[PDB]
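K.L.:
Below are the structure tokens for one structure; questions will follow.
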Amino acid sequence: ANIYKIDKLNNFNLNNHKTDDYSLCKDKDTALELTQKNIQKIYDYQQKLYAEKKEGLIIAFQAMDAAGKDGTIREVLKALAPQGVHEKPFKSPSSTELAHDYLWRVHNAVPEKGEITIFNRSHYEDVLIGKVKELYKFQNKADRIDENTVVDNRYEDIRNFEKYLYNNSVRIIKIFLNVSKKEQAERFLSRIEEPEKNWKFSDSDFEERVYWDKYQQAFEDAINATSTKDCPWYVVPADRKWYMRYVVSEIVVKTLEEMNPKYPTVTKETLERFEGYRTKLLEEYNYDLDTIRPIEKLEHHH
Amino acid sequence: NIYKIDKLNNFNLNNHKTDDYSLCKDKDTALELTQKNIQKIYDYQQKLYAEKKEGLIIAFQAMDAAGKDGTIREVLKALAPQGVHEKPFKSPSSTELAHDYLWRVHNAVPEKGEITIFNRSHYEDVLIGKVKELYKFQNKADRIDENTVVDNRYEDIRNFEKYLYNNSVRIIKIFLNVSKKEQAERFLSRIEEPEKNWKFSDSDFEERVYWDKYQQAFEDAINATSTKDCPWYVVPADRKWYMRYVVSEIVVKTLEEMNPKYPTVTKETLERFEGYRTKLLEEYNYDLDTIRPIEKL
Amino acid sequence: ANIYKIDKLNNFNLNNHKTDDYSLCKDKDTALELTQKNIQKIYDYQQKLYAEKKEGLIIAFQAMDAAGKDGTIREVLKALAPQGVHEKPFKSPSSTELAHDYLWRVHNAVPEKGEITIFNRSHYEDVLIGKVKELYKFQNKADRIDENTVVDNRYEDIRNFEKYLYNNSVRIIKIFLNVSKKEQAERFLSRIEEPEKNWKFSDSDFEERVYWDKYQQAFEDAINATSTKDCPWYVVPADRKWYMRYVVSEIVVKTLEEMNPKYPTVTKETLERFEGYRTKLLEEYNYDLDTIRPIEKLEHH
Amino acid sequence: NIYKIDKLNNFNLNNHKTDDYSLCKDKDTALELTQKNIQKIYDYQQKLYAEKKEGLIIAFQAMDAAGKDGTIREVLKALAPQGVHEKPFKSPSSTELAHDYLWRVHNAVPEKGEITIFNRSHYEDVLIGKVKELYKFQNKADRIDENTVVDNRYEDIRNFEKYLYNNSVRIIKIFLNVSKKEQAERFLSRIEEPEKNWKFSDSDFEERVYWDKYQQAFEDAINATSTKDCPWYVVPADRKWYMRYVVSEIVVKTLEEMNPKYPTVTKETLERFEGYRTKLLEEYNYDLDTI
Ligand SMILES: [Mg+2]
Ligand SMILES: [Mg+2]
């Protein structure tokens with residue numbers, strides 16, 4: 001029972017989850033090395049997952065600007081080999097995406113069995129900025145859609161979507177990077193003061209600060225309404241980058257371990273065909289190949 | 001409607017005969033009524049497209065030669081091409097099987113203001129998928145319990161269709177209920193007319209062996225997923241003229257509940273519009289056709 | 001059509017193509033009837049095209065606002081059955097579409113063999129509004145892209161793309177609906193004055209009128225640079241709606257007729273299996289089916 | 001150099017040996033140089049992603065067990081996940097066959113600022129497509145002349161790749177040139193190690209019968225589609241360490257010609273930014289970490 005894992009409905013108080021907790025590993029150097037170990041194991045699990053083609057994984061990060069989503073995705077999951085991997089940032093919806101229903105663009109990006117898709121922001125956008133700014137009141141919708149129940153029905157629909165995925169061999173890790181307002185300001189200052197990060201800063205990043213408290217409430221309500229055993233939320237303290245990377249590497253490793261991927265074994269009958277192909281290849285080259293069965297090699301002429 | 005099912009666990013297939021014609025016994029009457037329904041469907045579609053508020057899926061699920069393509073063609077050829085997609089769900093590709101079963105369906109959901117026609121549907125996964133137990137041969141995670149795969153699909157389908165309803169997309173579900181003898185007559189016709197040979201295949205004939213199991217799978221699907229907001233319509237399919245009539249009635253009545261209207265523009269837009277009108281009139285010295293009086297300053 | 005078909009490079013003078021020509025059929029009632037005939041034949045060709053699964057067709061309409069694109073697509077092509085048909089309006093590109101290359105969203109919408117896709121506007125937007133407003137100067141691109149060869153390279157690339165399609169069993173009909181500025185103004189007035197058309201008018205429709213002459217020159221240059229025998233341009237006078245509908249029905253019919261679709265005939269071997277299935281079905285029902293060969297029924301009972 | 005082909009009709013396969021190692025004969029040296037190249041690739045990728053001006057396709061085309069997956073994995077696992085897609089072109093689906101052959105390729109072309117890796121490519125349609133003459137059995141229009149189908153594909157591919165170039169997308173084309181006996185040793189290894197069985201199939205073995213025809217089809221493709229802007233790289237594939245080294249050099253050298261930079265902001269944005277900085281400082285009692 002992680003102190004950071006939320007696995008039941010209506011069981012979540014945001015004020016109790018401090019942004020600068022570090023209780024799993026107080027020493028930074030220790031955490032950096034444990035993080036390198038976790039990364040090795042992630043890469044190993046990914047190769048087994050890709051080979052088996054049985055289960056898919058979404059790793060979804062949801063948080064305020066400069067909480068640490070891109071830096072964490074980059075530092076922890078750059079371990080992954082390119083095969084089977086997609087990263088999908090959910091930006092402001094296009095005209096076409098708004099003309100469809102809100103889970104249409106999300107479901108499209110769900111991974112294949114054997115593959116991993118990383119979500120930078122997610123379908124939770126529609127009960128975060130969507131609830132705070134009440135965007136549903138300005139968007140086109142049928143007159144029979146009752147505005148007072150739009151948000152409640154998104155919590156239901158999100159629960160049902162995530163459980164649909166679970167039942168069809170796609171897991172989702174949901175990660176809230178819980179950063180404080182002052183730490184966000186320090187990181188914005190850093191985006192302004194360092195040339196190589198200027199591109200990352202925009203007007204509306206600054207202007208969303210005015211809605212800080214409403215966003216905090218909307219995270220609290222979302223996590224209360226969509227945490228289950230099969231689709232838990234993880235609330236990760238985000239004020240220290242080294243710690244936050246450590247904790248995300250732990251969550252990813254532990255989920256891959258429950259999924260327990262293995263290189264597939266081939267059937268009895270395929271194995272027999274395979275032995276026939278082995279003999280043919282060996283005969284083509286008069287047993288001059290590197291077999292791991294040395295005794296048969298000594299049998300044949302040269 | 002004797003043909004609408006709008007509640008769970010309320011459906012007996014044996015009571016829904018394939019040759020019922022109780023709504024309209026005279027063929028020539030039904031052909032006339034079908035033409036009026038078609039004109040109204042065209043009118044509603046122009047309003048639905050202009051308003052961009054609600055989407056419609058029209059889904060047809062039935063055995064081979066029940067009448068899906070002939071009905072879609074005769075009833076919905078009235079539709080203008082704008083905002084219209086037709087999507088036949090064939091056997092899944094590799095990529096579709098590597099994704100989850102609703103992935104390819106959700107991708108074809110229409111935009112608000114649009115109509116998408118489904119020839120076969122997500123219901124494939126509790127019909128041929130239940131009868132041939134395809135889930136046992138497909139790749140899936142070890143933790144997936146095979147004994148509950150079908151019940152979980154009924155739940156997930158109900159929840160998916162209610163999600164769509166809540167986000168401005170309706171679905172009409174139509175089961176064309178054809179008898180096995182009538183299927184055989186239509187297959188014979190696909191064999192004996194050159195211009196229909198292309199439509200006949202080996203596996204169409206071979207699926208007849210599974211007739212009864214498919215009938216049970218339709219019964220179970222309709223028991224498990226009929227709701228007020230997402231009803232099933234069980235349409236007798238033994239006569240083409242009757243079946244086209246009934247489908248025209250269902251489509252027209254759904255579009256009328258949706259009640260699309262050309263949008264009215266705000267008072268402020270109307271004022272800018274007047275400014276544009278005066279400019280145009282002045283550019284051409286009042287030598288345009290207007291239906292409204294000209295006031296000058 | 002034929003005084004209106006352009007099938008050669010650098011062979012196009014827009015001033016010789018009047019917006020109100022009506023020389024193919026001067027009588028409106030005649031043209032309405034000929035249009036209904038063409039429409040039946042289009043539907044018949046479409047069913048054979050769909051059954052054969054050998055060739056695809058793009059029907060692309062490019063023109064100024066209220067030239068008549070939507071109402072022509074609606075009145076002439078609503079004959080088509082829904083199967084195998086898509087309509088794709090090219091609006092201003094999304095973020096994602098701008099981040100990709102300009103033909104990416106067009107090629108995505110190319111139809112399958114046996115199918116018809118209608119383009120309302122097209123890839124030609126990138127040498128029309130794209131040339132007129134020089135949008136390429138503000139868009140993201142690599143430093144090595146030379147700005148004053150961007151448009152010439154689009155003409156080359158468009159020719160090459162269209163020839164690529166032709167070689168892979170997809171034809172394109174390109175139709176320019178050539179409307180006058182005055183007639184556009186009358187139709188805008190009608191969009192403002194009639195309740196049911198208000199939705200169709202926007203601010204920027206009016207403001208683009210200031211660029212009218214530049215747009216006309218850009219259509220001239222495009223047609224000069226991309227008309228070929230296999231990918232011709234059709235310049236259709238658009239000032240009268242009945243005439244424009246008639247002429248477009250003729251272009252679509254004549255193209256479907258060159259494509260010459262046929263219901264496929266099955267191989268000798270498939271025909272024999274089919275006869276075995278026929279006997280089986282007949283036996284299942286002791287010959288009480290509607291065969292086209294009733295003499296065989298006399299043997300049985 | 002010896003390995004880059006950048007002109008039409010200038011390519012003799014018999015002169016490009018599978019076990020050449022002339023760029024770096026010492027394996028340990030090549031492993032070290034490979035680590036340096038990989039760090040530089042990561043740095044370039046971050047700048048390419050930030051600038052959103054140019055896209056990069058890295059396409060690998062070769063026989064089974066030439067080394068495509070293991071090279072892609074060992075060299076490009078350095079890359080961060082952001083802006084990266086890997087796309088294997090397997091046998092076309094019935095929907096992909098109902099479209100034209102470049103349709104599924106063009107769909108996967110990357111956005112500006114992004115990198116897409118192709119395992120196999122559009123060249124499939126003049127390799128297995130030429131060798132097995134698949135075009136004769138596929139649906140097409142009656143007017144398509146079968147005797148010119150392949151030459152029109154060379155033209156169309158040249159024009160497609162030139163189109164991409166002109167719209168900010170480069171393609172690296174890499175042929176991993178493996179010998180038949182080395183393929184057999186790697187297939188043997190896929191059969192003898194349980195952990196690799198999944199990688200082996202019946203049809204991998206059966207394609208060997210067409211080895212010579214496939215060699216001729218790679219020769220013809222490289223003759224027909226090598227240009228200055230879209231060159232081919234013929235990389236000897238018989239040793240994995242050497243092949244990974246050379247591919248890291250090609251990717252690095254291409255990123256360096258593209259020359260991505262973190263974008264510079266305008267004078268006016270810099271000033272707004274100063275205003276935001278003072279505000280943030282004032283909101284907190286000047287209590288923030290700054291230079
Ligand atoms: Mg990586
Ligand atoms: Mg129609």
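How things are named: the first chain in the structure tokens is A, the next is B, and so on; residues count from 1 in each chain; ligands count from 1 in the order shown.
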Going by DSSP on the backbone, which residues of range 81-292 of chain A come out as strand (DSSP E or B)? List them as a PyMOL selection string.
P.N.:
chain A and resi 85-89+116-120+170-178+233-237
K.L.:
May I ask you to extract the residues of chain C within 9 Å of chain B, using only C-alpha atoms, and to give them as a ChimeraX atom specification?
P.N.:
/C:48,51-52,70,73-75,77-89,118,182-183,185-186,188-190,192-203,206,262-266,271,273-275,277-278,281-282,285,289-292
K.L.:
Return as a PDB file with C-alpha atoms, in the first residue's frame the residues belonging to chain D that are within 12 Å of chain B, counting only C-alpha atoms.
P.N.:
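What landed in result10.pdb:
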```pdb
ATOM      1  CA  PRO D  88       7.694  -1.397 -39.442  1.00  0.00           C
ATOM      2  CA  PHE D  89       6.317  -1.905 -42.974  1.00  0.00           C
ATOM      3  CA  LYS D  90       5.061  -5.455 -42.926  1.00  0.00           C
ATOM      4  CA  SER D  91       2.996  -7.114 -45.591  1.00  0.00           C
ATOM      5  CA  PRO D  92       0.264  -4.716 -46.691  1.00  0.00           C
ATOM      6  CA  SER D  93      -3.237  -5.132 -45.147  1.00  0.00           C
ATOM      7  CA  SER D  94      -6.225  -5.445 -47.478  1.00  0.00           C
ATOM      8  CA  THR D  95      -6.989  -1.719 -46.836  1.00  0.00           C
ATOM      9  CA  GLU D  96      -3.378  -0.763 -47.663  1.00  0.00           C
ATOM     10  CA  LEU D  97      -3.540  -2.808 -50.897  1.00  0.00           C
TER      11      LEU D  97
END
```
K.L.:
Determine which residues of range 12-152 of chain B receive a DSSP assignment of helix (DSSP H, G or I), computed from the backbone, and state them as a PyMOL selection string.
P.N.:
chain B and resi 13-15+27-51+68-76+94-98+103-107+122-126+128-131+134-136+146-152
K.L.:
Just to be explicit: take each residue in the selection above, keep C-alpha atoms, and write the result as a compact mmCIF listing (two decimals), in the first residue's frame.
P.N.:
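Saved result, again14.txt, follows:
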```
# COMPACT_ATOMS: atom_id res chain seq x y z
CA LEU B 13 -36.51 -13.84 -31.00
CA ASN B 14 -39.11 -16.55 -31.67
CA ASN B 15 -41.86 -13.90 -31.37
CA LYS B 27 -46.76 -2.69 -51.08
CA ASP B 28 -47.60 0.31 -53.28
CA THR B 29 -48.65 2.31 -50.19
CA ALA B 30 -45.30 1.42 -48.51
CA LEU B 31 -43.30 2.47 -51.61
CA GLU B 32 -45.13 5.93 -51.57
CA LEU B 33 -44.58 6.35 -47.76
CA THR B 34 -40.94 5.40 -48.29
CA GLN B 35 -40.51 8.22 -50.83
CA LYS B 36 -41.90 10.80 -48.39
CA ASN B 37 -39.72 9.56 -45.53
CA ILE B 38 -36.71 9.90 -47.87
CA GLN B 39 -37.47 13.52 -48.74
CA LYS B 40 -37.78 14.30 -45.00
CA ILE B 41 -34.47 12.57 -44.25
CA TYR B 42 -32.70 14.72 -46.82
CA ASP B 43 -34.28 17.85 -45.27
CA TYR B 44 -33.22 16.87 -41.74
CA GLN B 45 -29.71 16.09 -42.90
CA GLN B 46 -29.19 19.63 -44.30
CA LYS B 47 -30.28 21.11 -40.99
CA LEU B 48 -28.14 18.64 -38.97
CA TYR B 49 -25.05 19.49 -41.03
CA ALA B 50 -25.59 23.21 -40.67
CA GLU B 51 -26.08 23.13 -36.88
CA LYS B 68 -27.96 -4.45 -45.48
CA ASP B 69 -26.33 -3.07 -48.64
CA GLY B 70 -29.63 -2.99 -50.65
CA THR B 71 -31.41 -1.12 -47.84
CA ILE B 72 -28.57 1.33 -47.19
CA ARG B 73 -28.45 2.02 -50.93
CA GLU B 74 -32.21 2.41 -51.55
CA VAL B 75 -33.06 4.45 -48.38
CA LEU B 76 -29.95 6.52 -47.78
CA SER B 94 -3.56 -7.46 -38.11
CA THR B 95 -3.37 -3.90 -36.82
CA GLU B 96 -7.04 -3.88 -35.80
CA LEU B 97 -6.59 -7.17 -33.90
CA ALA B 98 -3.46 -5.76 -32.23
CA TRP B 103 -10.62 1.00 -31.35
CA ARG B 104 -11.61 0.72 -35.04
CA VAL B 105 -15.25 1.49 -34.25
CA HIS B 106 -14.63 4.56 -32.18
CA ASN B 107 -12.34 5.93 -34.91
CA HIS B 122 -18.82 -3.45 -32.85
CA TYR B 123 -21.53 -6.09 -32.29
CA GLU B 124 -19.34 -8.42 -34.44
CA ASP B 125 -17.43 -9.16 -31.21
CA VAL B 126 -20.47 -10.74 -29.51
CA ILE B 128 -19.15 -14.19 -34.82
CA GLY B 129 -16.80 -13.56 -31.87
CA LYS B 130 -19.06 -15.50 -29.44
CA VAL B 131 -20.25 -18.23 -31.85
CA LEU B 134 -12.38 -16.18 -31.42
CA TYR B 135 -11.14 -14.68 -28.10
CA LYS B 136 -9.59 -18.08 -27.20
CA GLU B 146 -11.99 -16.32 -20.80
CA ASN B 147 -15.25 -17.34 -19.08
CA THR B 148 -16.19 -13.67 -18.53
CA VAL B 149 -14.93 -12.22 -21.85
CA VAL B 150 -18.41 -12.07 -23.41
CA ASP B 151 -20.26 -10.64 -20.37
CA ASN B 152 -17.60 -7.92 -20.14
```
K.L.:
Produce a table with one row for each residue of chain C that has an atom at most 7 Å from any atom of chain D, each row naming the nearest atom pair and its distance in Å at one decimal; use only C-alpha atoms; arrange rows by chain and rising residue number; format as a Markdown table.
P.N.:
```
| residue | atom | partner | partner_atom | distance |
| --- | --- | --- | --- | --- |
| C:53 | CA | D:139 | CA | 6.9 |
| C:54 | CA | D:140 | CA | 4.6 |
| C:55 | CA | D:141 | CA | 5.5 |
| C:99 | CA | D:111 | CA | 5.1 |
| C:100 | CA | D:111 | CA | 4.7 |
| C:101 | CA | D:167 | CA | 5.9 |
| C:104 | CA | D:106 | CA | 6.6 |
| C:107 | CA | D:103 | CA | 6.7 |
| C:108 | CA | D:107 | CA | 6.5 |
| C:111 | CA | D:99 | CA | 6.9 |
| C:112 | CA | D:99 | CA | 4.7 |
| C:113 | CA | D:98 | CA | 5.5 |
| C:140 | CA | D:53 | CA | 5.3 |
| C:141 | CA | D:53 | CA | 4.6 |
| C:142 | CA | D:53 | CA | 5.1 |
| C:145 | CA | D:166 | CA | 6.8 |
| C:157 | CA | D:163 | CA | 5.9 |
| C:160 | CA | D:159 | CA | 6.5 |
| C:164 | CA | D:156 | CA | 5.9 |
| C:167 | CA | D:144 | CA | 6.9 |
| C:168 | CA | D:100 | CA | 5.9 |
| C:169 | CA | D:141 | CA | 5.5 |
```
K.L.:
Counting only C-alpha atoms, which of A:31, A:25, A:60, A:98 gets nearest to chain C?
P.N.:
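Once distances to chain C are computed over only C-alpha atoms, the minimum belongs to A:98.
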K.L.:
Residues at most 8 Å from residue 117 in chain D, counting only C-alpha atoms, excluding those fewer than 6 positions away in the same chain, as JSON, numbers by chain?
P.N.:
{"D": [57, 58, 59, 60, 84, 85, 86, 87]}
K.L.:
Counting only C-alpha atoms, which residues from chain A have an atom at most 12 Å from any atom of chain C, and could you show them as a PDB file with C-alpha atoms, in the first residue's frame?
P.N.:
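Writing done, so here's selection-v5.pdb:
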```pdb
ATOM      1  CA  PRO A  89       1.170  15.257 -26.084  1.00  0.00           C
ATOM      2  CA  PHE A  90      -2.513  16.324 -25.723  1.00  0.00           C
ATOM      3  CA  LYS A  91      -2.392  20.039 -26.571  1.00  0.00           C
ATOM      4  CA  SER A  92      -5.397  22.271 -27.060  1.00  0.00           C
ATOM      5  CA  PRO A  93      -7.850  20.379 -29.283  1.00  0.00           C
ATOM      6  CA  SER A  94      -7.989  21.182 -33.022  1.00  0.00           C
ATOM      7  CA  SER A  95     -11.290  22.020 -34.743  1.00  0.00           C
ATOM      8  CA  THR A  96     -11.579  18.367 -35.878  1.00  0.00           C
ATOM      9  CA  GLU A  97     -10.864  17.004 -32.377  1.00  0.00           C
ATOM     10  CA  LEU A  98     -13.514  19.312 -30.851  1.00  0.00           C
TER      11      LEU A  98
END
```
K.L.:
For the contact check between chain A and chain B, emit one row per residue of chain A within 6 Å, containing the shortest atom pair and the distance in Å rounded to one decimal, counting only C-alpha atoms, chain then rising number order, as JSON lines.
P.N.:
```
{"residue": "A:54", "atom": "CA", "partner": "B:140", "partner_atom": "CA", "distance": 4.6}
{"residue": "A:55", "atom": "CA", "partner": "B:141", "partner_atom": "CA", "distance": 5.4}
{"residue": "A:99", "atom": "CA", "partner": "B:111", "partner_atom": "CA", "distance": 5.1}
{"residue": "A:100", "atom": "CA", "partner": "B:111", "partner_atom": "CA", "distance": 4.7}
{"residue": "A:101", "atom": "CA", "partner": "B:167", "partner_atom": "CA", "distance": 5.9}
{"residue": "A:112", "atom": "CA", "partner": "B:99", "partner_atom": "CA", "distance": 4.8}
{"residue": "A:113", "atom": "CA", "partner": "B:98", "partner_atom": "CA", "distance": 5.6}
{"residue": "A:140", "atom": "CA", "partner": "B:53", "partner_atom": "CA", "distance": 5.3}
{"residue": "A:141", "atom": "CA", "partner": "B:53", "partner_atom": "CA", "distance": 4.6}
{"residue": "A:142", "atom": "CA", "partner": "B:53", "partner_atom": "CA", "distance": 5.1}
{"residue": "A:157", "atom": "CA", "partner": "B:163", "partner_atom": "CA", "distance": 5.9}
{"residue": "A:164", "atom": "CA", "partner": "B:156", "partner_atom": "CA", "distance": 5.9}
{"residue": "A:168", "atom": "CA", "partner": "B:100", "partner_atom": "CA", "distance": 6.0}
{"residue": "A:169", "atom": "CA", "partner": "B:141", "partner_atom": "CA", "distance": 5.6}
```
K.L.:
Limited to N, CA and C atoms, could you put the picked residues into a file as a PDB file, in the first residue's frame?
P.N.:
```
ATOM      1  N   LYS A  54       1.085  -9.383 -26.020  1.00  0.00           N
ATOM      2  CA  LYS A  54      -0.117  -9.724 -25.268  1.00  0.00           C
ATOM      3  C   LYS A  54      -0.790  -8.575 -24.514  1.00  0.00           C
ATOM      4  N   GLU A  55      -0.031  -7.552 -24.120  1.00  0.00           N
ATOM      5  CA  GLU A  55      -0.545  -6.505 -23.258  1.00  0.00           C
ATOM      6  C   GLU A  55       0.124  -5.195 -23.634  1.00  0.00           C
ATOM      7  N   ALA A  99     -14.789  18.604 -32.831  1.00  0.00           N
ATOM      8  CA  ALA A  99     -16.007  18.209 -33.520  1.00  0.00           C
ATOM      9  C   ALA A  99     -16.353  16.758 -33.206  1.00  0.00           C
ATOM     10  N   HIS A 100     -15.351  15.980 -32.818  1.00  0.00           N
ATOM     11  CA  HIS A 100     -15.552  14.644 -32.312  1.00  0.00           C
ATOM     12  C   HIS A 100     -15.772  14.710 -30.817  1.00  0.00           C
ATOM     13  N   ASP A 101     -16.016  13.546 -30.221  1.00  0.00           N
ATOM     14  CA  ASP A 101     -16.281  13.466 -28.798  1.00  0.00           C
ATOM     15  C   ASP A 101     -14.906  13.441 -28.139  1.00  0.00           C
ATOM     16  N   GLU A 112      -0.968  -0.684 -29.176  1.00  0.00           N
ATOM     17  CA  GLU A 112      -1.132  -2.087 -29.510  1.00  0.00           C
ATOM     18  C   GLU A 112      -0.669  -2.972 -28.383  1.00  0.00           C
ATOM     19  N   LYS A 113      -1.183  -4.193 -28.324  1.00  0.00           N
ATOM     20  CA  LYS A 113      -0.602  -5.148 -27.395  1.00  0.00           C
ATOM     21  C   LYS A 113       0.893  -5.302 -27.724  1.00  0.00           C
ATOM     22  N   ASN A 140     -20.043  23.359 -28.979  1.00  0.00           N
ATOM     23  CA  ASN A 140     -21.245  22.860 -29.598  1.00  0.00           C
ATOM     24  C   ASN A 140     -21.617  21.516 -28.985  1.00  0.00           C
ATOM     25  N   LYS A 141     -22.918  21.353 -28.717  1.00  0.00           N
ATOM     26  CA  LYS A 141     -23.460  20.130 -28.154  1.00  0.00           C
ATOM     27  C   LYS A 141     -24.972  20.114 -28.342  1.00  0.00           C
ATOM     28  N   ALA A 142     -25.587  18.942 -28.173  1.00  0.00           N
ATOM     29  CA  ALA A 142     -27.004  18.820 -28.445  1.00  0.00           C
ATOM     30  C   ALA A 142     -27.767  19.495 -27.328  1.00  0.00           C
ATOM     31  N   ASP A 157     -17.764   8.106 -17.358  1.00  0.00           N
ATOM     32  CA  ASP A 157     -17.352   7.687 -18.681  1.00  0.00           C
ATOM     33  C   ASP A 157     -15.858   7.378 -18.660  1.00  0.00           C
ATOM     34  N   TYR A 164     -12.670  -0.528 -19.493  1.00  0.00           N
ATOM     35  CA  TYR A 164     -12.767  -1.205 -20.779  1.00  0.00           C
ATOM     36  C   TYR A 164     -11.369  -1.575 -21.264  1.00  0.00           C
ATOM     37  N   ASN A 168      -9.298  -5.312 -21.846  1.00  0.00           N
ATOM     38  CA  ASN A 168      -8.875  -5.708 -23.179  1.00  0.00           C
ATOM     39  C   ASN A 168      -7.375  -5.574 -23.311  1.00  0.00           C
ATOM     40  N   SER A 169      -6.678  -5.851 -22.188  1.00  0.00           N
ATOM     41  CA  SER A 169      -5.245  -6.000 -22.189  1.00  0.00           C
ATOM     42  C   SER A 169      -4.484  -4.688 -22.396  1.00  0.00           C
TER      43      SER A 169
END
```
K.L.:
Please identify all protein, DNA and RNA residues within 8 Å of ligand 1, counting only C-alpha atoms and all ligand atoms, and report them as a ChimeraX atom specification.
P.N.:
/A:77-82 /D:76-81
K.L.:
Which residue is closest to ligand 2? Choose from C:136, C:22, C:43, C:219 and count only C-alpha atoms and all ligand atoms.
P.N.:
C:43
K.L.:
Quick one: which residues from chain A are at most 8 Å off chain D, using only C-alpha atoms, as a PyMOL selection string?
P.N.:
chain A and resi 51+73-75+77-87+182+185-186+189-190+192-193+195-199+206+263-266+274-275+277-278+281+285+289-292
K.L.:
Would you list the contacts of residue 33 in chain C as a list in words, taking every protein, DNA or RNA residue within 12 Å and counting only C-alpha atoms, but skipping same-chain residues closer than 3 positions in sequence?
P.N.:
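Near residue 33 in chain C, the qualifying residues are residues 25, 27, 28, 29, 30, 36, 37, 38, 39, 40, 242, 243, 245, 246 and 249 of chain C.
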K.L.:
Those same residues, written as a compact mmCIF listing (two decimals), in the first residue's frame with C-alpha atoms?
P.N.:
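Below is the file result_12.txt, written as the result:
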```
# COMPACT_ATOMS: atom_id res chain seq x y z
CA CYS C 25 -26.97 24.16 -73.93
CA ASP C 27 -32.17 26.28 -72.96
CA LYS C 28 -32.46 25.77 -69.21
CA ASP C 29 -35.32 23.24 -69.32
CA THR C 30 -33.33 21.07 -71.76
CA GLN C 36 -31.26 14.06 -64.76
CA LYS C 37 -30.13 11.61 -67.49
CA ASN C 38 -26.44 12.13 -66.66
CA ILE C 39 -27.24 11.55 -62.94
CA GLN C 40 -28.89 8.17 -63.54
CA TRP C 242 -28.47 25.22 -63.72
CA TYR C 243 -25.78 25.45 -66.47
CA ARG C 245 -24.66 21.62 -62.69
CA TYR C 246 -25.33 20.43 -66.23
CA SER C 249 -22.73 16.15 -64.67
```
K.L.:
Find the spatial neighbours of range 218-230 of chain D, counting only C-alpha atoms, within a cut-off of 7 Å - ignore same-chain residues fewer than 3 positions away - and output them as a CSV table (one decimal) with C-alpha atoms, in the first residue's frame.
P.N.:
```csv
chain,number,residue,atom,x,y,z
D,5,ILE,CA,25.7,6.6,-53.4
D,6,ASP,CA,24.5,10.0,-54.5
D,7,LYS,CA,24.1,9.8,-58.3
D,8,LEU,CA,22.0,7.7,-60.7
D,9,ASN,CA,23.3,4.6,-62.5
D,10,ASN,CA,26.5,4.6,-60.4
D,11,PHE,CA,26.3,1.4,-58.4
D,12,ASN,CA,27.8,-2.0,-58.7
D,13,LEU,CA,26.8,-4.3,-55.9
D,126,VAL,CA,10.5,-2.5,-56.0
D,127,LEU,CA,12.1,-5.3,-54.0
D,154,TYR,CA,11.4,4.4,-59.7
D,158,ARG,CA,12.4,9.8,-56.9
D,161,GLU,CA,11.5,11.8,-52.0
D,171,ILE,CA,15.4,10.8,-45.6
D,172,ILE,CA,18.4,8.7,-44.7
D,214,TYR,CA,16.7,-9.8,-54.3
D,215,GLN,CA,20.3,-8.9,-54.8
```
K.L.:
Just want the 9 Å neighbourhood of range 237-252 of chain A, counted on only C-alpha atoms, with same-chain residues fewer than 4 positions away dropped. Output as a PyMOL selection string.
P.N.:
chain A and resi 4+17-22+24-26+28+31-32+34-36+38-39+42+59+67-68+71-73+75-77+173+175-180+183-184+256-257
K.L.:
Report, in Å to a single decimal, how far apart CA of residue 103 in chain C and CA of residue 161 in chain C are.
P.N.:
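Atom-to-atom, CA of residue 161 in chain C and CA of residue 103 in chain C are spaced 8.7 Å apart.
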K.L.:
What separation in Å, quoted to one decimal, exists between CA of residue 236 in chain B and CA of residue 46 in chain C?
P.N.:
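Separation of CA of residue 236 in chain B and CA of residue 46 in chain C: 28.7 Å.
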K.L.:
Rounded to one decimal in Å, what is the spacing between CA of residue 228 in chain C and CA of residue 8 in chain C?
P.N.:
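Calculated distance between CA of residue 228 in chain C and CA of residue 8 in chain C is 5.0 Å.
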